Amino acid sequence: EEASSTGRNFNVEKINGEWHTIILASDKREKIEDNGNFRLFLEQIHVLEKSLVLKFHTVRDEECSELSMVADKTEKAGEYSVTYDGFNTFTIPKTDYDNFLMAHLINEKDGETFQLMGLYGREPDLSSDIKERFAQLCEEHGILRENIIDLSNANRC
Ligand SMILES: COc1nccnc1C(C)C
Ligand code: NA
Ligand code: NA
Ligand code: NA
Numbered sequence: 001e002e003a004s005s006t007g008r009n010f011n012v013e014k015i016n017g018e019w020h021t022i023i024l025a026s027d028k029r030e031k032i033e034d035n036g037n038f039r040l041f042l043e044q045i046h047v048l049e050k051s052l053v054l055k056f057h058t059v060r061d062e063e064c065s066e067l068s069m070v071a072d073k074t075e076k077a078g079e080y081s082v083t084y085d086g087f088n089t090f091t092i093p094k095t096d097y098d099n100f101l102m103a104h105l106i107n108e109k110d111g112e113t114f115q116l117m118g119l120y121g122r123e124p125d126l127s128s129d130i131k132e133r134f135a136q137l138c139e140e141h142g143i144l145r146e147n148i149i150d151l152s153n154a155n156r157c
């Protein structure tokens, strides 16, 4: 069974736990390239009453650094906000809880904005069919495949 965070049948507790960044995408590709601030490797999501504690690691010169961030629920169901290199809001348009999680984020910094989409897996990689489903969701948001970066060959420290 699949659900969206914005949907009536969403069960937020079910996204608690281990996750790995499999693919990232953006309509501002530099944000997720090598030294981009949004090239984040998710490790776990801790579900709380009104927030999600996101644990990531970033990479610089082949060196991993831990980074934790707290996302608060906003006034719209299924939407979360978090301060990180600007003001961010995100939703989970599709997840099956047991294999994948697809997030759609809007960042706003210095009066600008960009979209980020992420595909996270319970294991360090996902099937090619789920990766294709993610590409389809990115296309629905006007993000070209050339702006989608598979990081499955580089998500471990
Ligand atoms: C700040 O939020 C993020 N940044 C980069 C990748 N993924 C995320 C969360 C949406 C999980
Ligand atoms: Na809104
Ligand atoms: Na959407
Ligand atoms: Na959205």
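Going letter by letter, the sequence shown gives residues 1 to 157 in the authors' numbering. Beta carbons: idealized from backbone N, C-alpha and C, even for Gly.
Is it buried or exposed, residue i, if we count other Cβ atoms within 10 angstroms and call 16 or more buried?
i: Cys-64; result: exposed
i: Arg-145; result: exposed
i: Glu-30; result: exposed
i: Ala-154; result: exposed
i: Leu-119; result: buried
At the level of alpha carbons, what is the spacing between residue i and residue j?
i: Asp-110; j: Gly-86; result: 8 Å
i: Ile-45; j: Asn-11; result: 14 Å
i: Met-102; j: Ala-77; result: 17 Å
i: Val-53; j: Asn-107; result: 18 Å
i: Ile-92; j: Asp-61; result: 31 Å
i: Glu-75; j: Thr-21; result: 27 Å
i: residue 158; j: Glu-66; result: Beyond the ends of the chain as shown, which are 1 and 157, falls residue 158; an answer cannot be given.
i: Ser-5; j: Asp-27; result: 22 Å
i: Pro-124; j: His-141; result: 25 Å
i: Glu-18; j: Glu-43; result: 6 Å
Specify the secondary structure class of residue i as computed by DSSP and reduced to three states.
i: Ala-3; result: strand
i: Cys-138; result: helix
i: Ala-77; result: coil
i: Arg-145; result: helix
For residue i, I'd like the list of residues in its chain whose CB is within less than 7 Å of its CB, leaving aside the five on either flank, ordered along the chain.
i: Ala-135; result: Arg-145, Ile-148
i: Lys-50; result: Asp-72, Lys-73
Grab me the residues of residue i's own chain with a C-beta within less than 6 Å of its C-beta, minus the 5 sequence neighbours each way, in chain order.
i: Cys-138; result: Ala-25, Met-117, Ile-148
i: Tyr-84; result: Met-69
Sorted by chain position, which residues of the same chain lie with C-beta nearer than 8 Å to residue i's C-beta, five sequence neighbours on each side aside?
i: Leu-151; result: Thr-21, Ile-22, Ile-23, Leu-24, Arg-39, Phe-41
Quiz item: What does the shell around ligand 1 hold, if a residue joins when its beta-carbon is under 5 Å from any heavy atom?
Solution: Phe-38, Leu-40, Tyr-84, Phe-90, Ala-103, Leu-105, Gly-118
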